[PDB]
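# Report on the structure
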Amino acid sequence: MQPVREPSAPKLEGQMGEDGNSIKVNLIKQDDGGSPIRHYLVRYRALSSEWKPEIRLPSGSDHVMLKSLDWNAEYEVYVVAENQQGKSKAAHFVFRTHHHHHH
């Protein structure tokens, strides 16, 4: 267990949820550390929405698609990886869409 370094923070490309009420954030797809990731945990909150505690994902998930979040208002997302020996540093991003205005 000792030579296993913890995983690196998850990757974030901020791929806009054109789908509406949702968004796509990239996920680790390889062994960043000393052992592969086991699970992923995502926590997010919006201006009008609660801090969802965890969105589960398995090690073999290239991305995570979140939903039940504000789209016409601002929201924040935190995501971490959990490998068989420890956890990754959190990565976080903030987003809002549908902010088009007449010009």
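Residues numbered from 1 in each chain as written, not as in the entry; some residues may be left out. Heavy atoms only, no water.

- Listed under the method field of the entry is solution NMR.

### Topic: the pattern of salt bridges
- For the coordinates displayed, the defined rule picks out five salt bridges.
- Two residues, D62 and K29, come together in a salt bridge whose shortest N-O distance is 2.9 Å. With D62 in the loop between strand 3 (52–58) and strand 4 (63–67) and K29 in the loop between strand 1 (22–26) and strand 2 (37–46), this pair connects stretches of sequence that are 33 residues apart.
- You can call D62 partly exposed: its relative accessible area is 41%. (Salt bridge = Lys/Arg side-chain N within 4 Å of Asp/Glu carboxyl O. Helix = DSSP H or I, 4+ residues; strand = E, 2+ residues; numbered from the N terminus. Buried < 20%, exposed > 50% of the residue type's maximum accessible area, 1.4 Å probe, protein only.)

### Quick notes on the sheet that holds strand 3
- Strands sit in the order 3-2-5-6 across an open sheet of four strands; the sheet is antiparallel. Single-partner strands in this sheet number two, and they are strand 3 and strand 6 (91–95). The mean inter-strand angle of the sheet, taken between neighbouring strand axes irrespective of direction, is 25°.
- Strand direction decides the pairing type here: strand 2 and strand 5 (residues 75–83), joined by nine bridges, are antiparallel. Bridge pairing links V42 to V79 in strand 5. (Pairing = 2+ DSSP bridges. Axes fitted to C-alpha atoms, helices over the stretch in contact; angles between N-to-C directions.)

### Remarks on the pairing of strand 5
- Counting buried residues in strand 5 gives seven out of nine residues, a clear majority hidden from the surface.
- By the bridge criterion, five bridges tie strand 5 to strand 6 in an arrangement that is antiparallel. When the bridges of strand 6 are listed, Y75 appears paired with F95.

### Structural notes on the packing of aromatic side chains
- For the structure shown, the criterion picks out two aromatic pairs.
- Between the aromatic rings of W51 and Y78, the centroid separation amounts to 6.0 Å while the plane-to-plane angle is 55°, which identifies the pairing as tilted. Placement of the pair is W51 in the loop between strand 2 and strand 3 and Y78 in strand 5, with a sequence separation of 27 residues.
- The class of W51 is partly exposed, set by a relative accessible area of 32%.
- Over the ring of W51 we find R43, and its NZ or CZ is 3.7 Å from the ring centre. (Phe/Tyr/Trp six-rings, centres within 6.5 Å; stacked < 30°, edge-to-face > 60°. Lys NZ or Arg CZ within 6 Å of the ring centre and 35° of its normal.)

### Re the side chain of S35
- Along the chain, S35 turns up in the loop between strand 1 and strand 2.
- Polar contacts involving the side chain of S35 include one to the side chain of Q85, which spans 3.5 Å.
- The contact partners of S35, leaving out residues within four places of it in the chain, are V4, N83 and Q85. (Polar contact = N/O pair within 3.5 Å; in protein donor to acceptor, adjacent residues only side chain to side chain. Contact = heavy atoms within 4.5 Å.)

### Let's talk about the nonpolar core
- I23, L66, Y75 and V77 are the most contacted members of the largest nonpolar core, which totals 19 residues.
- Counting residues per element, the ones that place at least two in this core are strand 1, strand 2, strand 4, strand 5 and strand 6.
- Counting residues per element, this core draws most heavily on strand 2, at five residues.
- Discounting chain neighbours no more than four positions away, the residues touching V77 are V42, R43, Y44, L66, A91, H92 and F93. (Core = buried A, V, L, I, M, F, W, Y, C linked by side-chain atoms within 4.5 Å.)

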